[PDB]
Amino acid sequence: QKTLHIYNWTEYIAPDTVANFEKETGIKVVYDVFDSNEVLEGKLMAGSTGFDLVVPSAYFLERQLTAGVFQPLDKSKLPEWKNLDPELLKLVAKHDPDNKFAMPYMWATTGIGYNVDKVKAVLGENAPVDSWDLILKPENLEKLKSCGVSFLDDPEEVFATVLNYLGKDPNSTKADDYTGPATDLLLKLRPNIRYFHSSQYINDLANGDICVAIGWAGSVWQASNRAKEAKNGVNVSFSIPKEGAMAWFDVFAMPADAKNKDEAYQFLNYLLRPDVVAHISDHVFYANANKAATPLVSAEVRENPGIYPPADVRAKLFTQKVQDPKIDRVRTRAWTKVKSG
């Protein structure tokens, strides 16, 4: 019997991807899901996970290439590797030099999801939906409070977004940037924020319970699609603001103790087939990292500049850099202070 154990995010594959793979290969796939990066990182560090393929962020990969948690990918077993977009390979390479350990899977940004009609009713037809001003100017958030404002419960992404908005290095290494101006702004915004949570805003956007949220692009586009299918009239959109936004990349990686490597390479090369990953993007509303696949993606998705942004927008995106542990503890303490009154 041939088997393959995969650990991926929830709602990060097409409903029939695994079934199609099993039919084509005769491999028994055990597909498990996690809903938070803390759960994944915890298992990876403990080792002996029993997984042949896992889906970490590229950022986490850099923090583990010296630890040897993953093994290098044999490109000779991945003949369709050439389909991957070289620009995205370069960005991932900043965490995984020479792309030795990770295969780029999907990527997106952290921007603003919003209810089109409610924002325009509160702030006017000319509401600054193309700017972080929509959600980071206190005067605007005070008006939007009643219709619901949510932020991610992710200090790393939120502080980097605030720092960039203030004109500072989004990956600032100065502790006082976090405890001072970044915290000062967040505390001015806090009384207008309904909650900090990294998933509840999907359904709340789709149902009309919140009007503006900091969120992951594909999660917001999923909310927009859920609202359409519900025929409730809720019109959700997403913005990569003009001041820039954090871009991030989820990748497939192979733990060093993977027990079914041959099956894992079959699955990776399966994902490299243009129609396979294009079909996933069609369902999850995330851009994949496969350049050959882009023309096969549904027009509604590939033509959406909030999913596949053009060159001018991509040049405004920043990626997360690793920090010294002191800065990590500073961000955690400051985040608790922001959230607690």
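All residue numbers are counted from 1 along the displayed sequence.
Asks: Taking the recorded C-alpha temperature factors, which stretch has the higher mean, 284-292 or 62-70?
Replies: Between 284-292 and 62-70, it is 62-70.
Asks: Please work out which of 199-207 and 86-94 has the higher mean CA B-factor as recorded in the PDB entry.
Replies: The stretch with the larger mean CA B-factor is 86-94.
Asks: Take the CA temperature factors straight from the PDB entry and tell me which of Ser150, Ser76, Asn269, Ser237 peaks.
Replies: The listed residue with the largest C-alpha B-factor is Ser76.
Asks: Comparing recorded Cα B-factors across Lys259, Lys242, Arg194, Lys228, which one is largest?
Replies: So the option with the highest C-alpha B-factor is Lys259.
Asks: Looking at the temperature factor on the CA atom of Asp275, which third of the chain's modelled residues does it land in?
Replies: Lowest third of the chain for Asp275's C-alpha B-factor.
Asks: Which third, lowest, middle or highest, does the C-alpha temperature factor of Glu125 belong to within its own chain?
Replies: Highest third of the chain for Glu125's C-alpha B-factor.
Asks: Consider only the C-alpha atoms of the modelled residues in this chain, order them by B-factor as the entry records it, and name the third containing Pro255: lowest, middle or highest.
Replies: According to the entry, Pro255 has a C-alpha B-factor in the chain's highest third.
Asks: When the modelled residues of the chain are sorted by Cα temperature factor, does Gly306 land in the lowest, middle or highest third?
Replies: Bottom third by C-alpha B-factor.
Asks: Comparing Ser298 with the other modelled residues of its chain, is its CA B-factor in the lowest, middle or highest third?
Replies: Tercile = lowest for this residue's CA B-factor.
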